[PDB]
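In what follows, a structure is listed as structure tokens, so that the remarks can point back to it.
Hydrogens, waters and symmetry mates play no part in the numbers below; they use all other heavy atoms, side chains included. Chain naming here is simple, since letters A, B, ... match the order of the sequence lines and numbering starts at 1 in each.
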Amino acid sequence: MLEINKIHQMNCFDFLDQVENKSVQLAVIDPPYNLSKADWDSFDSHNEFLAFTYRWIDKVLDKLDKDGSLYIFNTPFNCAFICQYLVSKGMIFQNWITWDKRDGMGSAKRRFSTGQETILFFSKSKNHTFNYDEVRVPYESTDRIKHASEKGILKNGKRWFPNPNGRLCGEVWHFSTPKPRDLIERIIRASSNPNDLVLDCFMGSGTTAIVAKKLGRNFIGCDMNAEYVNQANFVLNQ
Amino acid sequence: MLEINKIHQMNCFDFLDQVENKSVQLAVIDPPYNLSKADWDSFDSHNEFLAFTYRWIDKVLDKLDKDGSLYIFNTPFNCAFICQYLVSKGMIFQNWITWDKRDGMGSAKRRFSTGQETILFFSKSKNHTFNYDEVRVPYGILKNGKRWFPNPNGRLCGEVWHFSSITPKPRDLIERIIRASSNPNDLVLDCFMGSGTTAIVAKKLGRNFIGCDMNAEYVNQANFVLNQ
Ligand SMILES: C[S@@+](CC[C@H](N)C(=O)[O-])C[C@H]1O[C@@H](n2cnc3c(N)ncnc32)[C@H](O)[C@@H]1O
Ligand SMILES: C[S@@+](CC[C@H](N)C(=O)[O-])C[C@H]1O[C@@H](n2cnc3c(N)ncnc32)[C@H](O)[C@@H]1O
Ligand code: NA
Ligand code: NA
């Protein structure tokens, strides 16, 4: 039995083989993207990259319980292949999330400038957890116009007030190496509940564990890098 | 003989077989999305929708010249499959364009609210036309620890696009595509013309066009607008 709530210094396949099947409620995975940003992100070909990816995906799917949720980050191009692969495995597509980075980067002169990233969101069944009221976003200028057209329409004889926490979150996200904590927070608030178990087999700086712990979720995870693991476990403990 | 610069009332498969191979520089295609918005947009299965889609794609690819470009709109989910199909046909991926509609109309309570649309942009070779200076957009400025003045012509356009509002595509969006990926006098193809947006913008930009739609009312009205 693998110790929960501590990041382990393990290869993802070794780690995954130690995880109990059907024990995980949410898996949030930011894996290699094949962009050659490091030795672990360099592959000989696109097929080798996909074979590696599909191998870890298969194991992660065995870990999810019957209604579990899955989020996988990658470039849009790699997500096209991963999306079709997940459909072929029986997973249920929920959303193609677009992270609009709006950074200063991506400049190109043979094509539009890059930088967006994709998050695929699938679930094991149609009875997954989706806490929509916990991830609402601030109302726009245009939501307020709609609010004005409905203000005079009474409900049950009285004025109706729209939710004070904002509008339902959509699929194109914009925020203020590690993923932004607010981004991972939206994922964990929407697709898990307090005390559920969250898995991340490429922990990196430990963002998934850190945010899971702050939100009262349990986590299980690993990274092959000793320095990253020790540094993240230290952050978790204070 | 197939008339150039006219929208034809034809089925897309018959129309494409009349178009000469290797004659087109840019194809801008907004096809069925399988969202059941009409009889032509309703398929019995996803597999049937993909078989139909690959059939018209194969013919479109034959119409592009050796360095031609292709834009195909669809939902993100269907573009995942179309993207992989285009890669298997030897086309070169350039961008996964995200159209963020900023549509205030959310009501999903089982997943995030929908509305985004994707435009896949591929080329036949690495020597395609890409007029990056014709599609710059609006942004001293902090960048890398330094302070800079913006390029006065605007910044290079990226891949997540915001353009307000069958539902005809926004003329400004289609204009960005035709300015980026074609030149004056090139030929633009669209085999699912609908209201005629691709033809109208192409004509306003000094490009030639050819296209079709099976709907007689759409073709006549579009041809009306083009003639005026
Ligand atoms: C893109 S990063 C994760 C970043 C993380 N989301 C965070 O916010 O910092 C992927 C991580 O995968 C780890 N890694 C790469 N290949 C691995 C493998 N086969 N097994 C385990 N860890 C691996 C790397 O050491 C790196 O820290
Ligand atoms: C999404 S709409 C095109 C909208 C267009 N981009 C516009 O801006 O108005 C798809 C169009 O496909 C046409 N259509 C559907 N199936 C067709 C087929 N097999 N052959 C030809 N036209 C077809 C429909 O009549 C409809 O006008
Ligand atoms: Na779907
Ligand atoms: Na690529």
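- Within a 6.0 Å radius of CG in B/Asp44, no more than 12 heavy atoms belonging to other residues, nucleotides or ligands are found.
- Using bins of under 30°, 30° to 60° and over 60° for the plane-to-plane angle, the ring pair B/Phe163/B/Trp161 lands in the perpendicular bin.
- Heavy atoms of A/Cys169 lying under 4.5 Å from chain B belong to its backbone as well as its side chain.
- In terms of heavy-atom pairs under 4.5 Å with chain A, the best-connected choice from B/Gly104, B/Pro76, B/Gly106 is B/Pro76.
- Checked by atom type, the side-chain pair B/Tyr85/B/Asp58 shows a donor-acceptor distance below 3.5 Å.
- No donor-acceptor pair closer than 3.5 Å links the side chain of B/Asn74 to the backbone N or O of B/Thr118.
- Across A/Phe130, A/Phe93, A/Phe77, the residue that shares the most heavy-atom pairs under 4.5 angstrom with chain B is A/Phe130.
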I would like to know whether A/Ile72 and A/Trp56 meet side chain to side chain contact (heavy atoms under 4.5 Å, CB included); could you show each step before the answer? CA-CA 11 Å; A/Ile72 293 166; A/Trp56 67 251; 3.9 Å; yes

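- The closest donor-acceptor contact from the side chain of B/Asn208 to the backbone of B/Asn185 lies under 3.5 Å.
- No part of B/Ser123 comes within reach of chain A, as not one of its non-hydrogen atoms sits under 4.5 angstrom from that chain.
- Residues from residues 133-154 of chain A that place a non-hydrogen atom less than 4.5 Å from a non-hydrogen atom of chain B comprise A/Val135, A/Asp143, given in numerical order.
- Atoms SG and CG, from B/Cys12 and B/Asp190 in turn, are 10.5 Å apart once rounded to the nearest 0.5 Å.
- At a threshold of 4.5 Å between non-hydrogen side-chain atoms, the residues B/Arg207 and B/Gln25 do not count as touching.
- Contacts between A/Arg167 and chain B at a heavy-atom distance below 4.5 Å are absent for every atom of the residue.
- Both the backbone and the side chain of A/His128 come within less than 4.5 Å of a heavy atom of chain B.
- Neither the backbone nor the side chain of B/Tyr139 comes within contact range of chain A; no heavy atom of the residue lies under 4.5 Å from a heavy atom of that chain.
- Of the atoms belonging to A/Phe112, heavy atoms from both backbone and side chain fall under 4.5 Å from chain B.
- Between B/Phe192 and B/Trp40, the ring centre distance reaches or exceeds 6.0 Å.
- By the 30° and 60° cut-offs, the orientation of the rings of B/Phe43 relative to B/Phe52 is tilted.
- When each of A/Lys101, A/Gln94, A/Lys109 is scored by its heavy-atom pairs under 4.5 Å with chain B, the top score falls to A/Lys109.
- Residue A/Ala108 touches chain B through its backbone alone, counting heavy-atom pairs closer than 4.5 Å.
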Decide yes or no on side chain to side chain contact (heavy atoms under 4.5 Å, CB included) for B/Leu26 and B/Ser69, but give the supporting numbers first. CA-CA 5 Å; B/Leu26 171 65; B/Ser69 289; 3.8 Å; yes

